[PDB]
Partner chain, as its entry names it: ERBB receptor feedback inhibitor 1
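Given next, in structure tokens, is a single chain: the form deposited without the partner chain.
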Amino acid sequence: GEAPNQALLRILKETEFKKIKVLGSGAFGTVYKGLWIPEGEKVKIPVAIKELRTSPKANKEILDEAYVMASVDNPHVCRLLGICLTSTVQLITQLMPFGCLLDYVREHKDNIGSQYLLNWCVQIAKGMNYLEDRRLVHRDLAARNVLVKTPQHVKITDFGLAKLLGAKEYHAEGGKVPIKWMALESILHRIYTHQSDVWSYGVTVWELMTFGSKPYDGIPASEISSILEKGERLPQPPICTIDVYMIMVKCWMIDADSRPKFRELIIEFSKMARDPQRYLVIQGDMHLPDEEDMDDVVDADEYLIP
């Protein structure tokens, strides 16, 4: 009873990309930055190229993420531009120039205002609510997997763990999971739901309000299941009014259904962003903020080929 996924998978000539530099080779794999110039179009699109870190049927998992990324279209979700089928299979996506939100919140923590924090909360809840519309469970929502296009615009990324549900619960089998972001049911029963992502959304909000603190810092991930059963949660961050912390606490409730819906999280944080200093107490509420031949540079969000 599902609709045909008529998304288009664009195969891109390795010749179309130029000026490729290195952006990082962390746990996400070797990621490059560069310019994608579609032949005979006179546009230069800043892109990120990612190959997993050979030909060891890891080539299989990278196509799984491309499938998901090619099937999403939302201003707060990173969309796949295309894949390059050279010796390595590469994901080509829109370049998010300011990097992950986790490193951004750390490196600019003395210049992030309550307006920015509450707005990021709205945008992530809009992206997640879109992923819920498309019957998609992210299973890896964290501040590290939210990229920053501009300080005013963030998008959810990294769909390696993402899984598409039929027409409610998903049962994983094994492998490295981010324990400190998962709902209790995801830890004990390996059940994942849109409401399991709400728990992850809660930990993601806690990362921002603490300006990039490590959740459950210095405590072995094997202990996490037990202390969460004892009724323990993450602490109230200093800048957080009880209003904002009460929303985070609601995301970590043991009854998965009595947790907030992503559509309800948009509404509450939207109302809060209407008056940010009433809900986030931050000292000094502040402002926030590529090579020469740039005449034909078009950001990917304005390059729309149907």
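Positions refer to the first chain, counted from 1.
If you look for the form deposited with the partner chain bound, you will not find it shown, but the lines that follow are about it.
- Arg233 belongs to the set of residues with a heavy atom inside 4.5 Å of the partner chain in the entry with it bound.
- Although the partner is absent here, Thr210 lies within 4.5 Å of the partner chain in the entry with it bound, judged by heavy atoms.
- At the 4.5 Å threshold, heavy atoms of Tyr201 stay clear of the partner chain in the entry with it bound, well away from it.
- Residue contact with the partner chain in the entry with it bound: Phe159 places no heavy atom within 4.5 Å of it.
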